[PDB]
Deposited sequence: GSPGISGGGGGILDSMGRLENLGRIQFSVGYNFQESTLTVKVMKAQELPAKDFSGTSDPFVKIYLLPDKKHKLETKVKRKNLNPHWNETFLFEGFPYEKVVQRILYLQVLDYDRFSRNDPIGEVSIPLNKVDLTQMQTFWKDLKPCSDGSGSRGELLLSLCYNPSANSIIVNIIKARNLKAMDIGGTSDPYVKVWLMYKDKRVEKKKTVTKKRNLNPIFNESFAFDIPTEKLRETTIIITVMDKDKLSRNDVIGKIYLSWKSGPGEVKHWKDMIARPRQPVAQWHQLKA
């Protein structure tokens, strides 16, 4: 489906070091128009999502050979077995977001880390995207959210379409502060909204502000279905935090960005 990746993993008691070698992959799909991809690998010892390692990029190669060794030193064995070795394979794109190919994860407590061993693991894996802009104006203590359009929305009516509308919630800490909502576009999975929403946000509340954008399918005569959500704050997904950072970092300048619905 998405290819498979070869790697080995082993622990050394004398050195208290976990070793992880990302050897190669095979049959990775194509993510560039050239019919090829530029695969590289991110490596995590979950739940630690902060410290990541990467392989080099192999330009235009659907069967890359990395053969790169990654070390995690000073780890007691009782701590290693608590972690989940997470590998994410992505296609590198020079002028756009890197295209994720696939991922694999294995709990180390199931592994005989005493001896180095090799694993072949098949790479494993959408509600739609929403294009929106944020603009923070500190002198006016405002954030303007523009709900512009969405594409490839999930069909939530059994007939094969949805009736999307987008609601925008302003949050402070854990409390709901204000609600906004767009009009409903019926029978549209790629709706254009071009609606603007302005929220008053004092400087003191900026750090603890969260904007929750929920794309809904208006099912009349029934509980409306949720197509997906977006969380915009300092503690959200990478792309979400990135947009939130660009907004705050470039005050008064609108910043638009696509966001996968979740």
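Colleague: Extract from the deposited sequence all ranges with no corresponding C-alpha coordinates, numbering residues from 1.
Modeller: Residues lacking C-alpha coordinates: 1-20, 146-151, 289.
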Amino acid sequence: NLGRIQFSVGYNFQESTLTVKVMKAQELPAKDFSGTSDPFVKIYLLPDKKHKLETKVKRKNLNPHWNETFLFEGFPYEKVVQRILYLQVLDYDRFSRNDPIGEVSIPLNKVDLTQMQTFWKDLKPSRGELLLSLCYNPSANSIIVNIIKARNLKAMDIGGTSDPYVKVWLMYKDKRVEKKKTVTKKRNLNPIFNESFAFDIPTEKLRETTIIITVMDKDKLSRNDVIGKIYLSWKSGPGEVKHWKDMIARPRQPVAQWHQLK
From here on, numbers count along this sequence of modelled residues.
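Colleague: Which wins on mean Cα temperature factor, 138-146 or 94-102?
Modeller: For C-alpha atoms only, the mean B-factor is higher in 94-102.
Colleague: Comparing 16-24 with 244-252, which stretch shows the greater average C-alpha B-factor in the deposited entry?
Modeller: Between 16-24 and 244-252, it is 244-252.
Colleague: Return the residue from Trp169, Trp120, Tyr165, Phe72 that has the highest Cα B-factor in the entry.
Modeller: That would be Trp120, according to the entry.
Colleague: Looking at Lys180, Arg83, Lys124, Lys110, which has the highest Cα B-factor in the entry?
Modeller: In this record, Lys124 carries the highest C-alpha B-factor of the candidates.
Colleague: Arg207: which third of its chain by C-alpha temperature factor?
Modeller: Tercile = highest for this residue's CA B-factor.
Colleague: Would the CA B-factor of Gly228 place it in the lowest, middle or highest third of its chain?
Modeller: CA B-factor rank for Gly228: lowest third.
Colleague: Lowest, middle or highest third of the chain for the C-alpha temperature factor of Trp66?
Modeller: CA B-factor rank for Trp66: middle third.
Colleague: Could you tell me which third, lowest, middle or highest, the C-alpha B-factor of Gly159 occupies within its chain?
Modeller: Its C-alpha B-factor, which the entry lists for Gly159, ranks in the highest third among residues of this chain.
Colleague: Once the chain's modelled residues are ordered by C-alpha B factor and cut into thirds, is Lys186 in the lowest, middle or highest one?
Modeller: Middle third of the chain for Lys186's C-alpha B-factor.
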